[PDB]
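As a starting point, one isolated chain is supplied in structure tokens, in the form solved without the named molecule.
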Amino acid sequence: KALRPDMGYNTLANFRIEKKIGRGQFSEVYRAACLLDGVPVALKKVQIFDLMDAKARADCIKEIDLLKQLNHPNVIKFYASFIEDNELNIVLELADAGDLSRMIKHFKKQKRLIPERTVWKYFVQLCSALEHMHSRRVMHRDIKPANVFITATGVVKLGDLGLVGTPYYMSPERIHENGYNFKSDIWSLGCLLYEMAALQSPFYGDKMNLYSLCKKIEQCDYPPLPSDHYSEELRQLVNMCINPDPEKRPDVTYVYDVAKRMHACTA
């Protein structure tokens, strides 16, 4: 298939699928090169006709329609979304420079704790990205370190390429099968903040299993962070986020105002 500069980013013909980078239940993400300018992009192909029914497909296109409208320097940008070759193809901003999962495992391998100054520098950006999504009535639905990308310049980019077989951060609303809400993203955010400081999930176990996990979540049983290295503000914020009741969790604006204030004084 031949190139068409008239169409721009809104046709598959103008892209070269370099490699696969993610695989979901309904989609597959690729690294591709925009043939028009040579700039590399992420290309997501969602199988809305073959893997989905009418309802799921309607909901999916509605979700993408709102997501393509998001514009924040800390949120992976959507360039295009079009139906071609019986799929919904999304042209996304590429962030190959690394992530927070990679950063955590690096400090873990080097047997070092991430300094609180550093924790807030990345965390404030993650809150900024999420404040924007929530303000435009959009849930992330999977906040985990692997989805918090870091560009070479140190800029955070919140994306999505994601006996257990459950989400990364199990929540009370998942155990009760109650459904995901904006306050579900707050639980994840509180867990992620803890993981930055502890170098492990709050409900991680050397020999972790479903029974033990549910017991720990019911009781909100996580080892407290060293007060010698991490401030009472950092520990209080984790504590008010990791709360069983979604309605008692703070909204993102509140988390974001705390991180802005904390970043400002720790730096």
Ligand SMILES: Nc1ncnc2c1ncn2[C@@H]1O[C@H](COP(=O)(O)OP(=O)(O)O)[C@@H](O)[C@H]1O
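In case it trips you up, residue 1 is the first one in the sequence shown, and so on.
S.K.: If I compare the deposited sequence with the modelled residues, how many are absent between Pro167 and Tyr168: none, 1 to 3, 4 to 9, or 10 or more?
M.R.: Per the deposited record, the segment joining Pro167 and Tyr168 has no missing residues.
S.K.: Between 96 to 104 and 189 to 197, name whichever shows the higher mean Cα B factor according to the PDB entry.
M.R.: Taking the mean C-alpha B-factor of 96 to 104 and of 189 to 197, the larger value falls to 96 to 104.
S.K.: Determine, for stretches 34 to 42 and 51 to 59, which one has the higher mean CA B-factor as deposited.
M.R.: Mean B over CA atoms: larger for 34 to 42.
S.K.: Can you tell me which of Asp245, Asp257, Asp251, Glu18 has the highest Cα temperature factor in the record?
M.R.: In this record, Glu18 carries the highest C-alpha B-factor of the candidates.
S.K.: Per the entry's values, where does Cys241 land by CA temperature factor relative to the rest of its chain, in the lowest, middle or highest third?
M.R.: Tercile = middle for this residue's CA B-factor.
S.K.: Compared with the other modelled residues in the chain, in which third is the CA B-factor of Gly179?
M.R.: Highest third, going by the recorded CA B-factors of the chain.
S.K.: Sorting by Cα B-factor within the chain, modelled residues only, which third would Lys207 end up in: lowest, middle or highest?
M.R.: Top third by C-alpha B-factor.
S.K.: Split the chain's modelled residues into thirds by Cα B-factor; is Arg235 in the lowest, middle or highest one?
M.R.: Within its chain, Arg235 is a lowest-third residue by C-alpha B-factor, going by the deposited values.
S.K.: Once the chain's modelled residues are ordered by C-alpha B factor and cut into thirds, is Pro73 in the lowest, middle or highest one?
M.R.: It belongs to the lowest third of the chain when residues are ordered by C-alpha B-factor.
What comes next is about the form solved in complex with the named molecule, which does not appear here.
S.K.: Once the named molecule is overlaid from its position in the entry with it bound by fitting the nearby C-alphas, are 3 or more of its atoms within 2.4 Å of backbone or C-beta here, so blocked, or is the site open?
M.R.: Output flag = blocked.
S.K.: May I ask you to state whether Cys241 is within 4.5 Å of the named molecule in the entry with it bound, using heavy atom distances?
M.R.: The answer is no: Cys241 has no heavy atom within 4.5 Å of the named molecule.
S.K.: Does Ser201 make contact with the named molecule in the entry with it bound, using a 4.5 Å heavy atom cut-off?
M.R.: Close contact is absent here: in the entry with it bound, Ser201 is far from the named molecule, nothing within 4.5 Å, heavy atoms only.
S.K.: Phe149 versus the named molecule, in the entry with it bound: is there a non-hydrogen atom within 4.5 Å?
M.R.: Taking the distances in the entry with it bound, the answer for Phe149 is yes, it comes within 4.5 Å of the named molecule.
S.K.: Just checking whether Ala95 would be counted as a contact of the named molecule in the entry with it bound - the rule being heavy atoms within 4.5 angstroms.
M.R.: Yes, contact at 4.5 Å.
S.K.: Heavy atom within 4.5 Å of the named molecule in the entry with it bound: which of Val29, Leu234, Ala32, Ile217?
M.R.: Of the listed residues, the single hit is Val29.
S.K.: Scan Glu173, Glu87, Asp160, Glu116 and let me know which has any heavy atom within 4.5 Å of the named molecule in the entry with it bound.
M.R.: For this set of options, the contacting one is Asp160.
S.K.: Based on heavy atom distances of 4.5 Å or less, which listed stretch (60 to 68, 41 to 49, 208 to 216, 222 to 230) is in contact with the named molecule in the entry with it bound?
M.R.: In the other structure, the partner sits against 41 to 49.
S.K.: Heavy atom within 4.5 Å of the named molecule in the entry with it bound: which residues of 15 to 43 qualify?
M.R.: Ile21, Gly22, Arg23, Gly24, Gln25, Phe26, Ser27, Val29, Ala42 sit within 4.5 Å of the partner.
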